[PDB]
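K.L.:
Pasting model_25.pdb below, which is PDB, C-alpha atoms.
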ATOM      1  CA  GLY A   3     167.220  69.767 164.474  1.00  0.00           C
ATOM      2  CA  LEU A   4     164.569  70.377 167.124  1.00  0.00           C
ATOM      3  CA  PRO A   5     165.117  73.724 169.061  1.00  0.00           C
ATOM      4  CA  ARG A   6     165.025  73.537 172.901  1.00  0.00           C
ATOM      5  CA  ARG A   7     163.339  77.014 173.383  1.00  0.00           C
ATOM      6  CA  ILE A   8     160.169  75.370 171.782  1.00  0.00           C
ATOM      7  CA  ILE A   9     159.573  72.601 174.433  1.00  0.00           C
ATOM      8  CA  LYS A  10     160.569  75.096 177.212  1.00  0.00           C
ATOM      9  CA  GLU A  11     157.478  77.091 176.607  1.00  0.00           C
ATOM     10  CA  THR A  12     155.330  73.904 177.295  1.00  0.00           C
ATOM     11  CA  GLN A  13     157.495  72.703 180.287  1.00  0.00           C
ATOM     12  CA  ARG A  14     157.109  76.140 181.926  1.00  0.00           C
ATOM     13  CA  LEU A  15     153.214  76.302 181.485  1.00  0.00           C
ATOM     14  CA  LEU A  16     152.939  72.758 182.873  1.00  0.00           C
ATOM     15  CA  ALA A  17     155.172  73.789 185.828  1.00  0.00           C
ATOM     16  CA  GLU A  18     153.470  77.222 186.384  1.00  0.00           C
ATOM     17  CA  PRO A  19     150.066  78.239 184.776  1.00  0.00           C
ATOM     18  CA  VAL A  20     148.053  81.550 184.087  1.00  0.00           C
ATOM     19  CA  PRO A  21     144.672  81.878 186.024  1.00  0.00           C
ATOM     20  CA  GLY A  22     141.689  81.654 183.535  1.00  0.00           C
ATOM     21  CA  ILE A  23     143.761  79.719 180.997  1.00  0.00           C
ATOM     22  CA  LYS A  24     144.143  75.859 180.446  1.00  0.00           C
ATOM     23  CA  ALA A  25     146.386  74.521 177.619  1.00  0.00           C
ATOM     24  CA  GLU A  26     147.795  71.265 176.117  1.00  0.00           C
ATOM     25  CA  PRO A  27     150.827  70.268 173.940  1.00  0.00           C
ATOM     26  CA  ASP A  28     150.597  67.702 171.043  1.00  0.00           C
ATOM     27  CA  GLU A  29     152.496  64.324 170.971  1.00  0.00           C
ATOM     28  CA  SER A  30     152.707  64.781 167.117  1.00  0.00           C
ATOM     29  CA  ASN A  31     154.379  68.339 167.303  1.00  0.00           C
ATOM     30  CA  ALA A  32     156.221  70.509 169.866  1.00  0.00           C
ATOM     31  CA  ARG A  33     155.677  73.643 167.552  1.00  0.00           C
ATOM     32  CA  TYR A  34     151.798  73.451 167.877  1.00  0.00           C
ATOM     33  CA  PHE A  35     149.911  74.054 171.122  1.00  0.00           C
ATOM     34  CA  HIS A  36     146.251  73.728 172.057  1.00  0.00           C
ATOM     35  CA  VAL A  37     144.454  76.289 174.337  1.00  0.00           C
ATOM     36  CA  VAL A  38     141.096  77.157 176.091  1.00  0.00           C
ATOM     37  CA  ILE A  39     140.574  80.675 177.587  1.00  0.00           C
ATOM     38  CA  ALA A  40     137.885  80.398 180.268  1.00  0.00           C
ATOM     39  CA  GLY A  41     135.757  83.395 179.539  1.00  0.00           C
ATOM     40  CA  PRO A  42     136.057  86.549 181.736  1.00  0.00           C
ATOM     41  CA  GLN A  43     134.146  87.342 184.979  1.00  0.00           C
ATOM     42  CA  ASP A  44     131.298  89.981 184.536  1.00  0.00           C
ATOM     43  CA  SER A  45     131.774  90.043 180.685  1.00  0.00           C
ATOM     44  CA  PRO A  46     129.365  89.665 177.718  1.00  0.00           C
ATOM     45  CA  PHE A  47     131.615  86.619 177.040  1.00  0.00           C
ATOM     46  CA  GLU A  48     131.295  85.246 180.669  1.00  0.00           C
ATOM     47  CA  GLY A  49     130.557  81.451 180.434  1.00  0.00           C
ATOM     48  CA  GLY A  50     132.424  80.878 177.043  1.00  0.00           C
ATOM     49  CA  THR A  51     135.103  78.128 176.630  1.00  0.00           C
ATOM     50  CA  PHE A  52     136.927  79.806 173.837  1.00  0.00           C
ATOM     51  CA  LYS A  53     139.290  77.408 172.028  1.00  0.00           C
ATOM     52  CA  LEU A  54     142.278  78.601 170.059  1.00  0.00           C
ATOM     53  CA  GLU A  55     145.373  76.934 168.458  1.00  0.00           C
ATOM     54  CA  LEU A  56     148.945  78.363 168.458  1.00  0.00           C
ATOM     55  CA  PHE A  57     152.122  77.883 166.172  1.00  0.00           C
ATOM     56  CA  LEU A  58     155.769  78.513 166.965  1.00  0.00           C
ATOM     57  CA  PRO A  59     157.623  79.453 163.589  1.00  0.00           C
ATOM     58  CA  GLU A  60     161.193  78.397 162.549  1.00  0.00           C
ATOM     59  CA  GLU A  61     162.331  82.031 163.480  1.00  0.00           C
ATOM     60  CA  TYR A  62     160.969  81.736 167.132  1.00  0.00           C
ATOM     61  CA  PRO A  63     162.173  83.323 169.473  1.00  0.00           C
ATOM     62  CA  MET A  64     163.619  86.037 167.150  1.00  0.00           C
ATOM     63  CA  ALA A  65     160.136  86.709 165.728  1.00  0.00           C
ATOM     64  CA  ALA A  66     156.499  86.116 166.478  1.00  0.00           C
ATOM     65  CA  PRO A  67     154.290  83.081 167.234  1.00  0.00           C
ATOM     66  CA  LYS A  68     150.922  82.924 165.260  1.00  0.00           C
ATOM     67  CA  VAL A  69     147.437  81.998 166.623  1.00  0.00           C
ATOM     68  CA  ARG A  70     143.890  81.218 165.236  1.00  0.00           C
ATOM     69  CA  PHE A  71     140.641  81.767 167.239  1.00  0.00           C
ATOM     70  CA  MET A  72     138.816  78.423 166.582  1.00  0.00           C
ATOM     71  CA  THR A  73     135.572  79.109 168.645  1.00  0.00           C
ATOM     72  CA  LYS A  74     133.176  81.658 167.179  1.00  0.00           C
ATOM     73  CA  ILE A  75     133.301  85.038 169.001  1.00  0.00           C
ATOM     74  CA  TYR A  76     131.692  88.428 168.028  1.00  0.00           C
ATOM     75  CA  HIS A  77     134.246  91.281 168.758  1.00  0.00           C
ATOM     76  CA  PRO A  78     136.122  94.435 167.225  1.00  0.00           C
ATOM     77  CA  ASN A  79     139.628  92.819 166.706  1.00  0.00           C
ATOM     78  CA  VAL A  80     138.855  89.423 164.979  1.00  0.00           C
ATOM     79  CA  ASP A  81     138.533  88.855 161.178  1.00  0.00           C
ATOM     80  CA  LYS A  82     135.612  87.019 159.503  1.00  0.00           C
ATOM     81  CA  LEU A  83     137.448  83.555 159.712  1.00  0.00           C
ATOM     82  CA  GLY A  84     139.215  83.633 163.189  1.00  0.00           C
ATOM     83  CA  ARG A  85     142.410  85.799 162.522  1.00  0.00           C
ATOM     84  CA  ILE A  86     143.271  87.628 165.817  1.00  0.00           C
ATOM     85  CA  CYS A  87     144.318  91.188 164.826  1.00  0.00           C
ATOM     86  CA  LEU A  88     146.440  91.985 168.016  1.00  0.00           C
ATOM     87  CA  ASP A  89     149.857  93.728 167.256  1.00  0.00           C
ATOM     88  CA  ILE A  90     151.891  91.698 169.748  1.00  0.00           C
ATOM     89  CA  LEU A  91     151.595  88.704 167.300  1.00  0.00           C
ATOM     90  CA  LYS A  92     153.549  90.876 164.763  1.00  0.00           C
ATOM     91  CA  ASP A  93     155.380  93.956 166.092  1.00  0.00           C
ATOM     92  CA  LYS A  94     158.640  94.229 168.183  1.00  0.00           C
ATOM     93  CA  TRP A  95     158.955  90.538 169.169  1.00  0.00           C
ATOM     94  CA  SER A  96     161.924  89.564 171.457  1.00  0.00           C
ATOM     95  CA  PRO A  97     163.279  86.436 173.296  1.00  0.00           C
ATOM     96  CA  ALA A  98     162.243  87.970 176.631  1.00  0.00           C
ATOM     97  CA  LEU A  99     158.615  87.297 175.416  1.00  0.00           C
ATOM     98  CA  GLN A 100     157.034  83.780 175.974  1.00  0.00           C
ATOM     99  CA  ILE A 101     154.070  81.671 174.996  1.00  0.00           C
ATOM    100  CA  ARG A 102     152.984  82.741 178.562  1.00  0.00           C
ATOM    101  CA  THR A 103     152.668  86.473 177.693  1.00  0.00           C
ATOM    102  CA  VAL A 104     151.006  85.753 174.309  1.00  0.00           C
ATOM    103  CA  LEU A 105     148.207  83.724 176.109  1.00  0.00           C
ATOM    104  CA  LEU A 106     147.921  86.460 178.795  1.00  0.00           C
ATOM    105  CA  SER A 107     147.656  89.284 176.251  1.00  0.00           C
ATOM    106  CA  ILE A 108     144.779  87.365 174.326  1.00  0.00           C
ATOM    107  CA  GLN A 109     143.066  86.682 177.791  1.00  0.00           C
ATOM    108  CA  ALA A 110     143.298  90.525 177.872  1.00  0.00           C
ATOM    109  CA  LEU A 111     141.737  90.853 174.345  1.00  0.00           C
ATOM    110  CA  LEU A 112     138.555  88.935 175.604  1.00  0.00           C
ATOM    111  CA  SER A 113     138.443  90.881 178.967  1.00  0.00           C
ATOM    112  CA  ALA A 114     139.093  94.294 177.223  1.00  0.00           C
ATOM    113  CA  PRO A 115     138.385  94.791 173.446  1.00  0.00           C
ATOM    114  CA  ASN A 116     139.650  97.820 171.445  1.00  0.00           C
ATOM    115  CA  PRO A 117     136.923  99.726 169.430  1.00  0.00           C
ATOM    116  CA  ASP A 118     139.346 102.680 168.724  1.00  0.00           C
ATOM    117  CA  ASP A 119     141.628 100.418 166.542  1.00  0.00           C
ATOM    118  CA  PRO A 120     139.186  97.790 165.143  1.00  0.00           C
ATOM    119  CA  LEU A 121     139.241  95.410 162.169  1.00  0.00           C
ATOM    120  CA  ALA A 122     135.689  94.141 162.551  1.00  0.00           C
ATOM    121  CA  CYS A 123     134.473  97.838 161.760  1.00  0.00           C
ATOM    122  CA  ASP A 124     130.717  96.787 161.714  1.00  0.00           C
ATOM    123  CA  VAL A 125     131.114  95.715 165.373  1.00  0.00           C
ATOM    124  CA  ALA A 126     133.026  98.935 166.369  1.00  0.00           C
ATOM    125  CA  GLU A 127     130.134 101.017 164.873  1.00  0.00           C
ATOM    126  CA  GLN A 128     127.655  98.843 166.828  1.00  0.00           C
ATOM    127  CA  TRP A 129     129.691  99.531 170.072  1.00  0.00           C
ATOM    128  CA  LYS A 130     129.586 103.352 169.262  1.00  0.00           C
ATOM    129  CA  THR A 131     125.859 103.110 168.355  1.00  0.00           C
ATOM    130  CA  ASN A 132     124.970 101.289 171.679  1.00  0.00           C
ATOM    131  CA  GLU A 133     127.410  99.469 174.034  1.00  0.00           C
ATOM    132  CA  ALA A 134     124.618  97.560 175.843  1.00  0.00           C
ATOM    133  CA  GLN A 135     123.396  96.244 172.473  1.00  0.00           C
ATOM    134  CA  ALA A 136     126.901  95.058 171.482  1.00  0.00           C
ATOM    135  CA  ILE A 137     127.004  93.413 174.976  1.00  0.00           C
ATOM    136  CA  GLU A 138     123.564  91.499 174.139  1.00  0.00           C
ATOM    137  CA  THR A 139     124.897  90.459 170.765  1.00  0.00           C
ATOM    138  CA  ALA A 140     128.231  89.294 172.118  1.00  0.00           C
ATOM    139  CA  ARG A 141     126.283  87.335 174.797  1.00  0.00           C
ATOM    140  CA  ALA A 142     123.832  85.877 172.155  1.00  0.00           C
ATOM    141  CA  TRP A 143     126.870  84.738 170.037  1.00  0.00           C
ATOM    142  CA  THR A 144     128.699  83.354 173.232  1.00  0.00           C
ATOM    143  CA  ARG A 145     125.579  81.273 174.232  1.00  0.00           C
ATOM    144  CA  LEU A 146     125.010  79.974 170.620  1.00  0.00           C
ATOM    145  CA  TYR A 147     128.662  79.105 169.735  1.00  0.00           C
ATOM    146  CA  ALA A 148     131.050  79.063 172.789  1.00  0.00           C
ATOM    147  CA  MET A 149     129.466  76.989 175.728  1.00  0.00           C
ATOM    148  CA  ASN A 150     131.195  73.466 175.206  1.00  0.00           C
TER     149      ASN A 150
ATOM    150  CA  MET B   1     149.209  93.880 203.084  1.00  0.00           C
ATOM    151  CA  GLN B   2     151.610  92.092 200.699  1.00  0.00           C
ATOM    152  CA  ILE B   3     150.707  90.759 197.180  1.00  0.00           C
ATOM    153  CA  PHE B   4     153.024  89.601 194.172  1.00  0.00           C
ATOM    154  CA  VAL B   5     153.960  89.813 190.372  1.00  0.00           C
ATOM    155  CA  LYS B   6     155.185  86.599 188.411  1.00  0.00           C
ATOM    156  CA  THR B   7     155.145  87.268 184.614  1.00  0.00           C
ATOM    157  CA  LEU B   8     157.936  88.838 182.534  1.00  0.00           C
ATOM    158  CA  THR B   9     160.767  86.490 181.488  1.00  0.00           C
ATOM    159  CA  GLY B  10     161.754  84.399 184.545  1.00  0.00           C
ATOM    160  CA  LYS B  11     161.362  86.688 187.658  1.00  0.00           C
ATOM    161  CA  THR B  12     159.202  87.248 190.719  1.00  0.00           C
ATOM    162  CA  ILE B  13     158.867  90.569 192.575  1.00  0.00           C
ATOM    163  CA  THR B  14     156.508  91.640 195.563  1.00  0.00           C
ATOM    164  CA  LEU B  15     154.292  94.490 196.525  1.00  0.00           C
ATOM    165  CA  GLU B  16     153.706  95.817 200.004  1.00  0.00           C
ATOM    166  CA  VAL B  17     150.657  98.174 200.108  1.00  0.00           C
ATOM    167  CA  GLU B  18     147.189  99.053 201.628  1.00  0.00           C
ATOM    168  CA  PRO B  19     143.736  97.940 200.376  1.00  0.00           C
ATOM    169  CA  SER B  20     142.656 101.413 199.193  1.00  0.00           C
ATOM    170  CA  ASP B  21     145.880 102.205 197.158  1.00  0.00           C
ATOM    171  CA  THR B  22     145.218 103.139 193.593  1.00  0.00           C
ATOM    172  CA  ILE B  23     146.553 101.154 190.579  1.00  0.00           C
ATOM    173  CA  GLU B  24     148.256 104.402 189.301  1.00  0.00           C
ATOM    174  CA  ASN B  25     150.203 104.125 192.657  1.00  0.00           C
ATOM    175  CA  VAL B  26     150.958 100.400 192.166  1.00  0.00           C
ATOM    176  CA  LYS B  27     152.362 101.242 188.634  1.00  0.00           C
ATOM    177  CA  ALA B  28     154.627 103.947 190.155  1.00  0.00           C
ATOM    178  CA  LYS B  29     155.931 101.171 192.660  1.00  0.00           C
ATOM    179  CA  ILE B  30     156.663  98.812 189.559  1.00  0.00           C
ATOM    180  CA  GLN B  31     158.467 101.755 187.820  1.00  0.00           C
ATOM    181  CA  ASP B  32     160.275 102.301 191.256  1.00  0.00           C
ATOM    182  CA  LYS B  33     161.593  98.628 191.233  1.00  0.00           C
ATOM    183  CA  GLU B  34     161.644  97.303 187.666  1.00  0.00           C
ATOM    184  CA  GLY B  35     162.086 100.573 185.799  1.00  0.00           C
ATOM    185  CA  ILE B  36     159.087 100.320 183.368  1.00  0.00           C
ATOM    186  CA  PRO B  37     157.318 103.707 182.746  1.00  0.00           C
ATOM    187  CA  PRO B  38     153.631 103.982 183.959  1.00  0.00           C
ATOM    188  CA  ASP B  39     152.055 104.465 180.494  1.00  0.00           C
ATOM    189  CA  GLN B  40     153.852 101.222 179.152  1.00  0.00           C
ATOM    190  CA  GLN B  41     152.543  98.955 181.922  1.00  0.00           C
ATOM    191  CA  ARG B  42     149.107  97.212 181.763  1.00  0.00           C
ATOM    192  CA  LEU B  43     148.505  94.996 184.843  1.00  0.00           C
ATOM    193  CA  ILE B  44     145.981  92.095 184.698  1.00  0.00           C
ATOM    194  CA  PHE B  45     144.020  90.257 187.406  1.00  0.00           C
ATOM    195  CA  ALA B  46     142.378  86.961 186.272  1.00  0.00           C
ATOM    196  CA  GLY B  47     141.811  87.959 182.657  1.00  0.00           C
ATOM    197  CA  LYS B  48     140.945  91.506 183.652  1.00  0.00           C
ATOM    198  CA  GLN B  49     142.484  94.849 182.947  1.00  0.00           C
ATOM    199  CA  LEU B  50     143.358  96.893 186.193  1.00  0.00           C
ATOM    200  CA  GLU B  51     141.975 100.513 185.528  1.00  0.00           C
ATOM    201  CA  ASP B  52     144.488 103.208 186.745  1.00  0.00           C
ATOM    202  CA  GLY B  53     142.408 105.313 189.213  1.00  0.00           C
ATOM    203  CA  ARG B  54     140.503 102.452 190.824  1.00  0.00           C
ATOM    204  CA  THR B  55     141.971 100.341 193.796  1.00  0.00           C
ATOM    205  CA  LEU B  56     142.741  96.899 195.186  1.00  0.00           C
ATOM    206  CA  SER B  57     139.288  97.119 196.847  1.00  0.00           C
ATOM    207  CA  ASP B  58     137.390  97.863 193.439  1.00  0.00           C
ATOM    208  CA  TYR B  59     138.842  94.625 191.977  1.00  0.00           C
ATOM    209  CA  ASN B  60     138.602  92.780 195.305  1.00  0.00           C
ATOM    210  CA  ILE B  61     142.338  92.134 195.377  1.00  0.00           C
ATOM    211  CA  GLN B  62     143.512  90.800 198.861  1.00  0.00           C
ATOM    212  CA  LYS B  63     146.506  89.450 200.771  1.00  0.00           C
ATOM    213  CA  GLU B  64     148.895  86.975 198.782  1.00  0.00           C
ATOM    214  CA  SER B  65     147.176  87.677 195.259  1.00  0.00           C
ATOM    215  CA  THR B  66     149.332  87.468 192.077  1.00  0.00           C
ATOM    216  CA  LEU B  67     149.094  89.971 189.206  1.00  0.00           C
ATOM    217  CA  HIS B  68     150.638  89.650 185.730  1.00  0.00           C
ATOM    218  CA  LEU B  69     151.778  92.298 183.194  1.00  0.00           C
ATOM    219  CA  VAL B  70     151.717  93.234 179.405  1.00  0.00           C
ATOM    220  CA  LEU B  71     153.309  96.413 177.912  1.00  0.00           C
ATOM    221  CA  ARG B  72     151.863  98.807 175.233  1.00  0.00           C
ATOM    222  CA  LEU B  73     151.607 102.608 174.890  1.00  0.00           C
ATOM    223  CA  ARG B  74     148.049 103.950 174.466  1.00  0.00           C
ATOM    224  CA  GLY B  75     145.367 103.395 177.136  1.00  0.00           C
ATOM    225  CA  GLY B  76     146.169 104.064 180.813  1.00  0.00           C
TER     226      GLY B  76
END
Starting from the file, give its structure as structure tokens.

P.N.:
Amino acid sequence: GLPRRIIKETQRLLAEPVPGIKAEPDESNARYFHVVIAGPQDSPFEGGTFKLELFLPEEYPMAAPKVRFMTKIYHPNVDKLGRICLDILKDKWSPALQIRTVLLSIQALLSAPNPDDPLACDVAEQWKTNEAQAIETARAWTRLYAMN
Amino acid sequence: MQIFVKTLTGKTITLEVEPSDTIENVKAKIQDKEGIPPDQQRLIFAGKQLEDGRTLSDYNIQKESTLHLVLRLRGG
């Protein structure tokens, strides 16, 4: 039985989009959605076309939608294989929340990292050791892996 | 000037303000009209966090611009 709330999330982002963000549904699956965050203005990641892919679980919209960060990125809140460590993808989900706010709060994650609650701890200790260095390294990784 | 907000769960609201108003003031106006306390709100402009004691001017926000919003606890 296909749930309506699933396709709604698509039909809304087609009707009304989020500036900096382009995305696409799949003909094969309404529970799986394809996304590119245009990288942020005046950022170490400025110029990157970060791809990601998104899944809507059988519980949705009583619990969270999951997401994998499919372009390489060097940052405090992303695990060695693309797992995005952001709490909103876990904690206190509700039906008021949309695939719209999920994509906006990961646009936020690129534009504003957290080095006070990290999971890539080697990058957090780089950002405490020298911010400008972490900036060069994030740029060097953007230019090598993200510009297509 | 007037500017807008269009992200929550199926609502628009509007913001009538000057170009040198702080974002801490803007937050107070959103608490004044949607109820959300100023520490919970984070406002975003084009994949960009709006820092609390800066202004419309510092982000180069202008007439008819549209902000969006995410809610947390720590931070501003």

K.L.:
Translate the PyMOL selection byres ((chain A and resi 92) around 9), as applied to the file shown, into an explicit residue set as a compact mmCIF listing (two decimals) with C-alpha atoms, in the coordinates of the input.

P.N.:
# COMPACT_ATOMS: atom_id res chain seq x y z
CA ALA A 65 160.14 86.71 165.73
CA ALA A 66 156.50 86.12 166.48
CA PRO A 67 154.29 83.08 167.23
CA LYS A 68 150.92 82.92 165.26
CA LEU A 88 146.44 91.98 168.02
CA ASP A 89 149.86 93.73 167.26
CA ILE A 90 151.89 91.70 169.75
CA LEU A 91 151.60 88.70 167.30
CA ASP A 93 155.38 93.96 166.09
CA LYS A 94 158.64 94.23 168.18
CA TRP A 95 158.96 90.54 169.17

K.L.:
The PyMOL selection byres ((chain A) within 8 of (chain B)) on the file shown: which residues, as a list in words?

P.N.:
residues 21, 22, 42, 98, 99, 100, 102, 103, 106, 107, 109, 110, 112, 113 and 114 of chain A

K.L.:
I'd like to know which of A:105, A:58, A:39, A:23 is closest to residue 5 in chain A, using all atoms listed in the file.

P.N.:
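Nearest to residue 5 in chain A: A:58.
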
K.L.:
Set the distance at 6 Å and use all atoms listed in the file: which residues neighbour range 52-55 of chain B once local chain neighbours fewer than 6 positions away are removed? I'd like the list as a tab-separated table (two decimals) with C-alpha atoms, in the frame of the given file.

P.N.:
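Full text of around.tsv as output:
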chain	number	residue	atom	x	y	z
B	20	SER	CA	142.66	101.41	199.19
B	21	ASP	CA	145.88	102.20	197.16
B	22	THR	CA	145.22	103.14	193.59
B	23	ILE	CA	146.55	101.15	190.58
B	24	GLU	CA	148.26	104.40	189.30

K.L.:
What's the separation between CA of residue 54 in chain A and CA of residue 136 in chain A, in Å to one decimal place?

P.N.:
22.6 Å

K.L.:
Once the PyMOL selection byres ((chain A and resi 70-73) around 9) is applied to the coordinates I shared, what remains selected? I want it as a ChimeraX atom specification.

P.N.:
/A:51-57,68-69,74-75,80,83-86,147-148

K.L.:
To one decimal in Å, tell me the separation between CA of residue 121 in chain A and CA of residue 33 in chain A.

P.N.:
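About the pair CA of residue 121 in chain A and CA of residue 33 in chain A: they are 27.8 Å apart.
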
K.L.:
Which protein, DNA or RNA residues have an atom at most 12 Å from (161.4, 75.3, 172.3), counting only C-alpha atoms? List them as a ChimeraX atom specification.

P.N.:
/A:3-14,27,31-35,57-63,67,97,100-101

K.L.:
Find the distance between CA of residue 16 in chain B and CA of residue 19 in chain A and write it in Å to one decimal.

P.N.:
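Computing the Euclidean distance for CA of residue 16 in chain B and CA of residue 19 in chain A yields 23.5 Å.
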
K.L.:
Which one of B:26, B:1, B:13, B:36 sits closest to residue 50 in chain B if you count only C-alpha atoms?

P.N.:
B:26
